[PDB]
2 protein chains.
Amino acid sequence: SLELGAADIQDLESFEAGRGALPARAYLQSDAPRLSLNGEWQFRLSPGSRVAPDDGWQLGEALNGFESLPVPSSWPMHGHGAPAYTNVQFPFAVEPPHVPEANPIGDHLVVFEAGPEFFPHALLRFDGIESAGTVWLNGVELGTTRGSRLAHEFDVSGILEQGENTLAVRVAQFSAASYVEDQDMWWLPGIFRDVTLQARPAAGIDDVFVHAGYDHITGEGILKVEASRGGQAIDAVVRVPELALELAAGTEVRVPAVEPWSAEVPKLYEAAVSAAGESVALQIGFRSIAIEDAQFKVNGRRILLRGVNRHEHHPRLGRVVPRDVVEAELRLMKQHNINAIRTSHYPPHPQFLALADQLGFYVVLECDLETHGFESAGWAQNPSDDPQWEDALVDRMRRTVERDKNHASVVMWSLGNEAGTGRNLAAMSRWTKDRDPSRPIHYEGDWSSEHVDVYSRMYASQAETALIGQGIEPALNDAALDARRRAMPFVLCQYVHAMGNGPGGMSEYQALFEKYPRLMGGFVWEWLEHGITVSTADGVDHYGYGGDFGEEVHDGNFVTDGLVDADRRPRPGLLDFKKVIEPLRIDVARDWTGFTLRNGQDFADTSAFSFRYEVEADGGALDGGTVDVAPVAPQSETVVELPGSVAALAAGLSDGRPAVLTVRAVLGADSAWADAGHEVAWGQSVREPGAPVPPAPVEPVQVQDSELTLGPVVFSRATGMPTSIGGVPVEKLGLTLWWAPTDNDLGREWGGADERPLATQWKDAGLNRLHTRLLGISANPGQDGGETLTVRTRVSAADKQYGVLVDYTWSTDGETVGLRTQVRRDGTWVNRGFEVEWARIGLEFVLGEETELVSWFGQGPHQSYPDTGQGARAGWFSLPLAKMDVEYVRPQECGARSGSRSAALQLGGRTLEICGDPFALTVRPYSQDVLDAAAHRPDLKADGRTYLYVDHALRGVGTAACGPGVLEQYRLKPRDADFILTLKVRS
Amino acid sequence: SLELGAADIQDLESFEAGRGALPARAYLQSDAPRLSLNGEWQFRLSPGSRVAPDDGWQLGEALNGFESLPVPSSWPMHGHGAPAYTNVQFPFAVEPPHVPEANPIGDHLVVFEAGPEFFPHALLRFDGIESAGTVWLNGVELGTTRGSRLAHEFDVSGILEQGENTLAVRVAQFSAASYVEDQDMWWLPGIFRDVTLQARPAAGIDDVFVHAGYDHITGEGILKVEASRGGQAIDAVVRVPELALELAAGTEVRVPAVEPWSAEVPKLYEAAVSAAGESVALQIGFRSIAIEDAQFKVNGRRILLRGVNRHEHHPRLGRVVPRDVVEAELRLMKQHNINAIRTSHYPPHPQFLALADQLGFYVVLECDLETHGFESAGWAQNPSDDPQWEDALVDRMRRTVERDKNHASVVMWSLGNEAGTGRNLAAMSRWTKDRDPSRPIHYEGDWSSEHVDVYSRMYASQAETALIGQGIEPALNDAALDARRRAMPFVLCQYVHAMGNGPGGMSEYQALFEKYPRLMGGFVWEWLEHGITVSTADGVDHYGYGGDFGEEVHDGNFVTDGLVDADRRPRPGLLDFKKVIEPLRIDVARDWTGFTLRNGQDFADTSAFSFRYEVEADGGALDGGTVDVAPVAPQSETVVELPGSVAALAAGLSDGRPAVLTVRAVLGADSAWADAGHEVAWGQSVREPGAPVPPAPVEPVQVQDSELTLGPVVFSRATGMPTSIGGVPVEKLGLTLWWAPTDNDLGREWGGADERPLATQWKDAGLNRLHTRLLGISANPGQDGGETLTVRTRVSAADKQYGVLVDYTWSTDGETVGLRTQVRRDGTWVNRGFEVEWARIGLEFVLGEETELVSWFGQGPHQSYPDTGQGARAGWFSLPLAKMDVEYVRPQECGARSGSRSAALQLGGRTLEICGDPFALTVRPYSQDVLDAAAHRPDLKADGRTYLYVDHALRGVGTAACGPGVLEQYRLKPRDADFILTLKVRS
Ligand SMILES: OC[C@H]1O[C@@H](O)[C@H](O)[C@@H](O)[C@H]1O
Ligand SMILES: OC[C@H]1O[C@@H](O)[C@H](O)[C@@H](O)[C@H]1O
Ligand SMILES: OC[C@H]1O[C@@H](O)[C@H](O)[C@@H](O)[C@H]1O
Ligand SMILES: OC[C@H]1O[C@@H](O)[C@H](O)[C@@H](O)[C@H]1O
Ligand code: NA
Ligand code: NA
Ligand code: NA
Ligand code: NA
Ligand code: NA
Ligand code: NA
Ligand code: NA
Ligand code: NA
Ligand code: NA
Ligand code: NA
């Protein structure tokens, strides 16, 4: 046997869970001496095991080819190799347990000093290594690590020396473990979490298991704190000063009156567990979880999960998320009404749990297991059902549970994600149920739900969710399993996929969640986009995605699919989600005399809120103030009278004059996660402006050689289009039926014989390449000598027989311009045997000047489409042109403001005003073809023009990239239509 | 009605065949004064009718914005606008008869002088205007033209002035006529054929209709020459000096003994038809066409059509083909055994016919009609069935027939191409049959063949052609139509689509054509690639295709689909076609004592040929000479003894020594189309070399730290691959299963539930991204202390479970290296539910040095794949590296030499020799990924390496871009395989 590297590769191809580590235990804050070894290490990268040197480097002499690297790190984020993104597909041939030849091997080394406090006994702790580590201390092999987001500890007693020590870690990117770590995220090798030296004093505490239940009938806590050393129960004293408790470890007691823990009221009691040589600090939250009557209950009450799936990602540091970023993003979640987190799809940093305990989230804590890439071969060779993987998979679940078992915020254990079905998942479940019966088990991969306590699905349609909510879903074939599952509460562990413009359809899910007790709620996919910061030539920063790093196989921008960008800037979808899940419902009376208030919280009353009202009209705020609301109990509702001045305004206002009454619930005092005045919920009553009044057509049409003039409008006799309106240059006016496809429009709509993405249906139909033919121009009798001008056109596409006849009828009294647009189908809009859907029925004005400011009356300030925009409230808004856009990583249709009644564009010295029955408003400095063609934001370029879109109809955006497409009521099928606009130019 | 251009557009949207022209007539050479107005004209381009100026330009004063342009021209070939390519799809919305707003309008003007010989009567002739012309002379509108490849004449009597005249022509690119001119070719507006002034003397001859039949029983000609003036029969004298004839026009006579016209013997008699004021010169070919017993017969004999479809294209002049290019390309056709031409899909230049008469081609003369783009809407609005188009379509057929009716070479009239079915096609057929019953009618669009005389199909499979050949195809539903069609002879008006690497499957068609009398033969699609010369930045010329000129809709390189490139350089497919259709069959005896000779001609014996033999061995030609063959009658065969020295050589040669006997039929004397010695047919008998002798494995394996040495081979212990062989640096050695897709591999294979193109099946399966894992390296006992080296690998692709185990076993005696390769499937090669086919089973050697020369024993000199290479004969060949490639416009797999037994690559100072059982040999200066990625030839770049491909198996190339894919016997399904090679390096 003559090839090199055979021994290294045999270890990497091992089915075992690594070797030499201490037993799995909790992460515990203790008074034992601790030394962080984080800092600047030395690093050397080789392309595979067979050429990785065996040159004595572990002794830190002859450091040929090492350079400085921070640890913790995801090494490709610091110029060593490159990040690589795949969703489902493995980036290596699928032949477990074998590894590819191209397998980055990273050799890490650090020299440190240990004082006498680390003797005689100490350990080394590694909180994460992707994917396989071998650890040496002073040349002595301690062992190996498997389970990339799991902790490993190694005893260094007798190996650690007083004074200088040399720690060496060889890390392989790929190993047999990669076959069970196929999460949809970047592949990023490294020592990416803390490395810590911990003294282990005699008579200490190795592990602690807190049991802190709550009896909602009596108000009592039920407390038992187990403590062990070396795997044996030990005498320790547990002290809980706030509850006046001093008790022995290992004894169960009843605490007469505790305040229970929930995400809404995350009450924690400080406790210490003390042995003669070591003391552990704990935060204890008393809460009990029960499944009863097909409901998921905490402390005796059904809860509603308002969740997100949280990955660990940083755009410049990879899997290393700095603590201040964690703290800020959790506050941002609370500020957007989120109360639940799924740790997709692996345990988080160990210090994450205390923050979730403190700030208050219901946490689904998920084991590091996903074998999704085996699905394409019908799950042949799936690790989850292969006996050779049993010890490895049970070890993952054991380490997951042991680390985090003391945290009140963890309300469910999850076995993993998209790992199919099989005997090893059943083993993991059995192990967990035996070890910790206090928490229900979650796993979506096995729909029969045989080895779980809740029924979990991902992206089940609103329709199917409604059936499950009513308990009337189709039965399993096994009647015993059906009876069990039909009696389980139901959770969407992932739903309303938040990629790009979207997600649509959130309100239809939320109405079900709030109506049906069996529906626990849902976790959006996902919290964050995994953008990675890159720069073009000339150094414009932007986010990159799959394929931007030279990957042979990748999944493009499917990793940029979140509610916030990688720097935690909200996408519009987060603003809408906040409103959809708001925990108070405020229904303002149409006569402005009061509002109905529903408290949708599970435990807290409304005493934390201040209730504010404001009345706004075109001239500004007319009135505002606070109203005193007696605290409303959870799940209750009341009517609140508004002060009489508000109704008096409603009475006085002229008919047709717009006015907006807004009632808001804000924090009355600072919380841990937001300041006093932070808005939690709102409701509105709107007095809509009257429909626009088209002008009297008293101005005649003036005929020149090549132009026509009608009041302030000049028209080309060659095209029938205006060339200027009140001095504003017009380069083009035409009908629009299409938009630059969203990420959702690039997804297939499963169901229906046509499974082309909508973007492809549009391209096949020519909707992205429409052309206009002029049929005629004629003047007609107006009023008092005036005339109207009718321009008749037909819109179609090359090689197609279907079209729409579009008639524009222009009128003017010299100041206001009336524009009537009439659209009539000419031939059936069917292509390749399927009906052609439209994006919109609208007009595109291309103006020959740049727009500085856009103002409108409608919804805002952010974008809104028919099935989104919940967070866009009624009002008057004004934005610089640049802020009308949405900085999605792949540019796509975005920025429409649906429900507009009036708009004003400032174009230098003139203002173009537009009024209509509800229309969508979009304004861009580049064309739709530039938007569509652009793959990254630097591809967008302003051309000195204004592209103004006025839509009479729009389709929704749905979630077709993953899950339901646009629901029927928001789809736009071809139809005939007519609509009126008025236009005015002020100088 | 206020829009501009309404009158111009109404004329362009007219269904009528234009106006003001003289009656259609023949193109006739006459002694009447003629003046060509070709030369430098003045030209002005406008973007559409509505802005085209009406500024008096037709009077040639105030020439604001005109510049010089040659006429004839296709104006986009001279920098005015751009060529645009579509295949089927129309480049404008389909709403006949309406035209798009973007419609290039070209205003042409020339001033010329007319002498007194053009008075009192003269006409102006236009032999082609694409697509709509309006003609003025001295400001007087003469009329308009429709039918872009048809002639129009206008009477200028009373309008032409003695002295200076001003001719003005406004030409619109698009008109209602564009809907009936949807040929797959470039859209190219212009005045693209001759413009001629012709005097019309009193007592002249306006039209002539030659009727020249042949009675094959008596050998007599049957002659009647009709002559008219002003639509009335006239007294004229017909003189045919060579036949001693002086006869009256309008009288039918029997000529006692003529020599009949055929493509093989294109006998023409010079004749003159004379009235008092004008004389016409004619070339008369006596031939009669008959359909009898389901056979297409000329002069009493069934013929075999060896055809091509000929478009008119020039890479720099567009639809203008210079006469010297026409003459040369026709000679090139004859030089490649072609005897028939279809004028796809419009009449050719009027002077083309005399050349076809003279050089000898059977011509299918096709009317300018194609409505293919209506098929996508189920032929809704198809002009061919719309009564409004009847006069326009009958006018096209009338002008087609009248122009060319006197030419012996025209043996069938065709109504058009891909125009569906309908009443107007039936009218065209009825008109033609009434006017000229001497020629059968062709039209493939109506398979029922109700209004035609032959059954025509395009790209019918070899299988279906065999059924039709035997008269056993499925019946039509109408038994009367079935009886008629089953009694028709059958022609493939298009077959073996010649796009890119290919066409495969030609031999299977040819065997049928020669076996079954009902099969008339076939016309390849097509003669030429319509490449257009363009240049990159830095000025490297290359051909462009669809999309290279900014087209919104286009069909890419589907216009580069010919046997020759646009400059008439042969593609390999033409060299193979020449051999497939060779009109003599030479079958050399295996004992080299003689050959069987079949004369496959229809009329001529073999007396025109000299029969040559040559014997070649490794050292060169051993013997050669001529053999006297008594002339063999058409459709007969004989055995010819070879001189005894040839057999004596066969006897003397050592067993296993390679030797090639070639017998060739060459022209014994110059012809009109080639020189004496031009090769027409050949046959060979080959004494194959013995299989290679692997060396005795007497050399041991030497083990170094990171390398192994086995005789002259050095191996990496990290990869198992050789790093040098006899000092030749080796960068990579690995298995190949894939090739850079051909144009055919990009086509769908209709039939079978999998209609992905093969290229897509390969991409989905990862065949374009294979990776290799090393399993082990070990030495084994050899002979006399020597050892063999076995390297075990596995080849697969990321995210796939299927692989192939590949074992390489190396041996050496210090000079020769033996390489045994064993391939074993590991898992089923099925992806997406369908079996994955392979391109090949071979090896890729990447050498670290450039190759100057490639020599081999096998077939050549050009490329050969399993279902091609008919023209590649056995022999020894040697080419510079650059000449191994094939300059297809879109680079793709090409250049393999199948059937190789030995190869030698000169790499500077060393020669690498390879021997094997038959293998395919390819050598390139760039990798397969560069080849695949390249869209035009300048994308290819040499990287300083040599890419050497040795294939044990290859698949065929088929014709899947249009018509049959690879036939079953040439497909390469996954299998297990083993093969031996020997390698030697000479310095
Ligand atoms: O973004 C697509 C998503 O699809 C789900 O099936 C998966 O569980 C998620 O991890 C993510 O990949
Ligand atoms: O102010 C009410 C709060 O209720 C919590 O349960 C939630 O996590 C917060 O996001 C906020 O909605
Ligand atoms: O190259 C594809 C070919 O397809 C045929 O159907 C057509 O008759 C030809 O003109 C050419 O378009
Ligand atoms: O030399 C025989 C010749 O026969 C003709 O019919 C044919 O057009 C030529 O290409 C050549 O084959
Ligand atoms: Na619920
Ligand atoms: Na994703
Ligand atoms: Na209050
Ligand atoms: Na809204
Ligand atoms: Na885009
Ligand atoms: Na035949
Ligand atoms: Na073509
Ligand atoms: Na002879
Ligand atoms: Na051959
Ligand atoms: Na290519």
# chains A, B, ... in the order shown; residues from 1 in each chain; ligands from 1
>>> interface_residues(of="chain A", to="chain B", cutoff="8 Å", atoms="only C-alpha atoms", output="ChimeraX atom specification")
/A:1-5,50-51,89-95,100-101,373,377,552-553,706,717-720,769,771-774,776-779,796-801
>>> write_last_selection(atoms="N, CA and C atoms", output="CSV table (one decimal), in the first residue's frame")
chain,number,residue,atom,x,y,z
A,1,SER,N,0.8,-1.2,0.0
A,1,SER,CA,0.0,0.0,0.0
A,1,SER,C,0.9,1.3,0.0
A,2,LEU,N,0.9,2.0,-1.1
A,2,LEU,CA,1.9,3.0,-1.4
A,2,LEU,C,1.4,4.4,-1.4
A,3,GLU,N,0.1,4.7,-1.4
A,3,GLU,CA,-0.3,6.0,-1.4
A,3,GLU,C,-0.1,6.7,-0.1
A,4,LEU,N,0.0,8.1,-0.1
A,4,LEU,CA,0.3,8.9,1.1
A,4,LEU,C,-1.1,9.2,1.7
A,5,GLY,N,-1.0,9.5,3.0
A,5,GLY,CA,-2.1,10.0,3.8
A,5,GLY,C,-3.1,9.0,4.2
A,50,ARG,N,-3.4,14.0,1.8
A,50,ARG,CA,-2.2,13.2,1.3
A,50,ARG,C,-1.0,14.1,1.2
A,51,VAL,N,-1.2,15.5,1.1
A,51,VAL,CA,-0.1,16.4,1.1
A,51,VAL,C,0.1,17.2,2.3
A,89,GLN,N,-27.6,19.8,-2.5
A,89,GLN,CA,-26.7,19.0,-3.1
A,89,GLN,C,-25.3,19.0,-2.3
A,90,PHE,N,-24.8,17.8,-2.2
A,90,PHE,CA,-23.4,17.7,-1.6
A,90,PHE,C,-22.4,18.2,-2.6
A,91,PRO,N,-21.3,18.9,-2.1
A,91,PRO,CA,-20.3,19.3,-3.0
A,91,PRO,C,-19.2,18.3,-3.3
A,92,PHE,N,-19.5,17.1,-2.9
A,92,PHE,CA,-18.6,15.9,-3.1
A,92,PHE,C,-19.4,14.7,-3.5
A,93,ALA,N,-18.8,13.8,-4.2
A,93,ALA,CA,-19.5,12.6,-4.6
A,93,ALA,C,-20.0,11.9,-3.3
A,94,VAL,N,-21.2,11.3,-3.5
A,94,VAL,CA,-22.0,10.7,-2.4
A,94,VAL,C,-21.6,9.2,-2.3
A,95,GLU,N,-20.7,8.9,-1.5
A,95,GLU,CA,-20.2,7.5,-1.2
A,95,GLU,C,-19.8,7.4,0.2
A,100,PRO,N,-13.6,13.3,-0.4
A,100,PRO,CA,-12.9,13.7,-1.7
A,100,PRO,C,-11.4,14.0,-1.5
A,101,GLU,N,-10.7,13.9,-2.6
A,101,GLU,CA,-9.2,14.2,-2.6
A,101,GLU,C,-9.0,15.7,-2.2
A,373,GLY,N,-29.2,15.7,1.3
A,373,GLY,CA,-28.6,15.3,0.0
A,373,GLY,C,-28.7,13.9,-0.4
A,377,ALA,N,-31.4,10.3,-4.2
A,377,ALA,CA,-31.2,8.9,-4.6
A,377,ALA,C,-32.3,8.0,-3.8
A,552,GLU,N,-17.9,25.0,-8.1
A,552,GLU,CA,-18.3,24.2,-9.2
A,552,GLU,C,-19.8,23.9,-9.2
A,553,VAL,N,-20.4,23.5,-8.0
A,553,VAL,CA,-21.8,23.3,-7.8
A,553,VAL,C,-22.2,24.3,-6.7
A,706,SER,N,-45.6,68.0,-37.2
A,706,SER,CA,-45.2,66.8,-36.6
A,706,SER,C,-45.7,66.6,-35.1
A,717,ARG,N,-46.9,63.2,-33.5
A,717,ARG,CA,-47.8,62.6,-34.5
A,717,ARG,C,-47.3,61.3,-35.1
A,718,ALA,N,-46.0,61.0,-34.8
A,718,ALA,CA,-45.5,59.7,-35.2
A,718,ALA,C,-45.7,58.6,-34.3
A,719,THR,N,-45.9,58.8,-33.0
A,719,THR,CA,-46.0,57.8,-32.0
A,719,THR,C,-47.3,57.8,-31.3
A,720,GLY,N,-48.0,59.0,-31.3
A,720,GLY,CA,-49.2,59.2,-30.5
A,720,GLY,C,-48.9,59.4,-29.0
A,769,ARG,N,-41.0,41.4,-23.5
A,769,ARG,CA,-40.5,42.0,-24.7
A,769,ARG,C,-41.7,42.6,-25.6
A,771,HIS,N,-44.2,45.0,-27.6
A,771,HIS,CA,-44.1,46.1,-28.5
A,771,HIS,C,-45.5,46.7,-28.8
A,772,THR,N,-45.5,48.0,-29.2
A,772,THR,CA,-46.7,48.7,-29.4
A,772,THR,C,-46.8,49.2,-30.9
A,773,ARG,N,-47.9,48.9,-31.5
A,773,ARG,CA,-48.3,49.4,-32.8
A,773,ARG,C,-49.3,50.6,-32.7
A,774,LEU,N,-49.1,51.6,-33.4
A,774,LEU,CA,-50.1,52.7,-33.4
A,774,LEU,C,-51.1,52.4,-34.5
A,776,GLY,N,-54.2,54.6,-34.7
A,776,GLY,CA,-54.7,55.9,-35.2
A,776,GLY,C,-54.7,56.9,-34.1
A,777,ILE,N,-54.7,58.2,-34.5
A,777,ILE,CA,-54.9,59.4,-33.6
A,777,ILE,C,-56.0,60.2,-34.1
A,778,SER,N,-57.0,60.6,-33.2
A,778,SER,CA,-58.1,61.4,-33.7
A,778,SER,C,-58.5,62.3,-32.6
A,779,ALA,N,-59.0,63.5,-32.9
A,779,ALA,CA,-59.6,64.4,-32.0
A,779,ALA,C,-61.1,64.3,-32.0
A,796,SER,N,-48.4,43.8,-28.1
A,796,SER,CA,-48.3,42.4,-28.3
A,796,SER,C,-46.8,42.1,-28.2
A,797,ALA,N,-46.3,41.0,-28.7
A,797,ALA,CA,-44.9,40.6,-28.7
A,797,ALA,C,-44.6,39.9,-30.0
A,798,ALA,N,-43.3,40.0,-30.4
A,798,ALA,CA,-42.9,39.3,-31.6
A,798,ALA,C,-43.3,37.8,-31.5
A,799,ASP,N,-43.8,37.3,-32.7
A,799,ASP,CA,-44.2,35.9,-32.9
A,799,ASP,C,-45.4,35.5,-32.2
A,800,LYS,N,-46.2,36.4,-31.6
A,800,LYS,CA,-47.4,36.1,-30.9
A,800,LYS,C,-48.6,36.7,-31.6
A,801,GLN,N,-49.8,36.0,-31.5
A,801,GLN,CA,-51.0,36.5,-32.1
A,801,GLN,C,-51.9,37.2,-31.1
>>> residues_around(residues="stretch 479-483 of chain B", least_positions_apart="3", cutoff="8 Å", atoms="only C-alpha atoms", output="number ranges by chain")
B: 448-450, 475-476, 486-487
>>> residues_around(residues="stretch 160-167 of chain B", least_positions_apart="6", cutoff="8 Å", atoms="only C-alpha atoms", output="list in words")
residues 58, 59, 60, 109, 110, 111, 112, 113, 114, 115, 116, 119, 122, 135, 136, 137, 138 and 139 of chain B
>>> residues_near_ligand(ligand="ligand 14", cutoff="6 Å", atoms="only C-alpha atoms and all ligand atoms", output="NGL selection string")
:B and (890-892 or 931-935)
>>> residues_near_ligand(ligand="ligand 11", cutoff="12 Å", atoms="only C-alpha atoms and all ligand atoms", output="PyMOL selection string")
chain B and resi 85-88+182-186+309-311+344-345+494+497-500+524-531+545-546+554-562+743+961-962
>>> closest_atom_pairs(of="chain B", to="ligand 10", cutoff="6 Å", atoms="only C-alpha atoms and all ligand atoms", output="tab-separated table")
residue	atom	partner	partner_atom_place_in_ligand_line	distance
B:304	CA	ligand 10	1 (Na)	5.9
B:513	CA	ligand 10	1 (Na)	4.3
B:514	CA	ligand 10	1 (Na)	4.8
B:515	CA	ligand 10	1 (Na)	5.9
B:516	CA	ligand 10	1 (Na)	4.5
B:517	CA	ligand 10	1 (Na)	3.9
B:518	CA	ligand 10	1 (Na)	5.6
B:519	CA	ligand 10	1 (Na)	4.1
B:520	CA	ligand 10	1 (Na)	5.0
>>> closest_atom_pairs(of="chain A", to="ligand 2", cutoff="8 Å", atoms="only C-alpha atoms and all ligand atoms", output="tab-separated table")
residue	atom	partner	partner_atom_place_in_ligand_line	distance
A:263	CA	ligand 2	6 (O)	5.3
A:264	CA	ligand 2	6 (O)	3.8
A:265	CA	ligand 2	6 (O)	7.5
A:306	CA	ligand 2	8 (O)	8.0
A:333	CA	ligand 2	10 (O)	6.5
A:334	CA	ligand 2	10 (O)	3.5
A:335	CA	ligand 2	10 (O)	5.4
A:336	CA	ligand 2	10 (O)	5.6
A:337	CA	ligand 2	10 (O)	3.0
A:338	CA	ligand 2	10 (O)	4.5
A:339	CA	ligand 2	8 (O)	3.6
A:340	CA	ligand 2	8 (O)	7.3
A:360	CA	ligand 2	8 (O)	6.4
A:361	CA	ligand 2	8 (O)	6.4
A:582	CA	ligand 2	12 (O)	6.3
A:583	CA	ligand 2	12 (O)	5.8
A:601	CA	ligand 2	6 (O)	7.1
A:608	CA	ligand 2	1 (O)	7.4
A:609	CA	ligand 2	1 (O)	7.5
A:666	CA	ligand 2	1 (O)	7.9
A:667	CA	ligand 2	1 (O)	6.8
A:680	CA	ligand 2	1 (O)	5.6
>>> closest_residue(among="A:354, A:622, A:817, A:12", to="residue A:176", atoms="only C-alpha atoms")
A:12
>>> residues_near_ligand(ligand="ligand 13", cutoff="10 Å", atoms="only C-alpha atoms and all ligand atoms", output="VMD selection string")
chain B and resid 576 579 858 to 860 862 to 874 897 to 899
>>> residues_near_ligand(ligand="ligand 12", cutoff="7 Å", atoms="only C-alpha atoms and all ligand atoms", output="ChimeraX atom specification")
/B:610,628-630
>>> write_last_selection(atoms="N, CA and C atoms", output="tab-separated table (two decimals), in the first residue's frame")
chain	number	residue	atom	x	y	z
B	610	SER	N	-10.45	6.97	-65.11
B	610	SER	CA	-9.24	6.17	-65.07
B	610	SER	C	-9.21	5.43	-63.73
B	628	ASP	N	-6.97	-1.25	-66.95
B	628	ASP	CA	-7.92	-1.00	-68.03
B	628	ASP	C	-9.25	-1.69	-67.72
B	629	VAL	N	-10.33	-0.92	-67.64
B	629	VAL	CA	-11.65	-1.44	-67.32
B	629	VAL	C	-12.56	-1.21	-68.53
B	630	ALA	N	-13.03	-2.29	-69.16
B	630	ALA	CA	-14.02	-2.16	-70.21
B	630	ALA	C	-15.23	-1.40	-69.67
>>> select_by_dssp(residues="stretch 59-304 of chain A", states="helix (DSSP H, G or I)", output="tab-separated table (two decimals) with N, CA and C atoms, in the first residue's frame")
chain	number	residue	atom	x	y	z
A	59	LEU	N	4.81	20.55	17.55
A	59	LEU	CA	5.71	21.03	18.58
A	59	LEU	C	6.08	22.49	18.40
A	75	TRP	N	-12.19	29.94	8.54
A	75	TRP	CA	-10.93	30.32	7.87
A	75	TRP	C	-11.13	30.86	6.47
A	76	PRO	N	-12.09	30.40	5.67
A	76	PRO	CA	-12.25	30.99	4.33
A	76	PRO	C	-12.67	32.46	4.37
A	77	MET	N	-13.14	32.97	5.51
A	77	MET	CA	-13.47	34.39	5.64
A	77	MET	C	-12.25	35.27	5.83
A	78	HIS	N	-11.04	34.69	5.86
A	78	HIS	CA	-9.82	35.46	6.09
A	78	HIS	C	-8.81	35.21	4.99
A	116	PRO	N	-0.25	28.05	38.12
A	116	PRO	CA	-0.43	26.92	39.05
A	116	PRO	C	-1.88	26.64	39.38
A	117	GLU	N	-2.77	27.60	39.19
A	117	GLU	CA	-4.19	27.35	39.42
A	117	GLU	C	-4.78	26.32	38.46
A	118	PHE	N	-4.06	25.92	37.41
A	118	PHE	CA	-4.57	24.91	36.48
A	118	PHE	C	-4.03	23.52	36.80
A	176	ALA	N	-16.37	12.11	7.25
A	176	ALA	CA	-17.62	11.36	7.22
A	176	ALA	C	-18.76	12.18	7.82
A	177	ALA	N	-18.47	13.03	8.81
A	177	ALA	CA	-19.49	13.89	9.41
A	177	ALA	C	-20.14	14.84	8.41
A	178	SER	N	-19.48	15.17	7.30
A	178	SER	CA	-20.10	16.09	6.34
A	178	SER	C	-21.40	15.52	5.77
A	179	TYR	N	-21.50	14.18	5.72
A	179	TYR	CA	-22.71	13.53	5.20
A	179	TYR	C	-23.92	13.73	6.10
A	180	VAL	N	-23.70	14.11	7.36
A	180	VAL	CA	-24.78	14.37	8.30
A	180	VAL	C	-24.83	15.84	8.70
A	241	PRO	N	-31.50	32.91	46.80
A	241	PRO	CA	-31.80	33.92	47.82
A	241	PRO	C	-33.14	34.61	47.64
A	242	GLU	N	-33.53	34.93	46.40
A	242	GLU	CA	-34.77	35.67	46.23
A	242	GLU	C	-35.97	34.85	46.71
A	243	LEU	N	-35.88	33.53	46.67
A	243	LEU	CA	-36.97	32.68	47.15
A	243	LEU	C	-36.74	32.15	48.57
>>> decode(residues="stretch 641-645 of chain A", atoms="C-alpha atoms", output="short mmCIF file (atom, residue, chain, number, x, y, z; two decimals), in the first residue's frame")
data_model
loop_
_atom_site.label_atom_id
_atom_site.label_comp_id
_atom_site.auth_asym_id
_atom_site.auth_seq_id
_atom_site.Cartn_x
_atom_site.Cartn_y
_atom_site.Cartn_z
CA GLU A 641 -63.82 55.34 24.10
CA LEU A 642 -61.70 57.99 22.41
CA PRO A 643 -61.77 61.60 23.63
CA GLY A 644 -64.59 63.62 22.14
CA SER A 645 -62.29 65.95 20.20
#
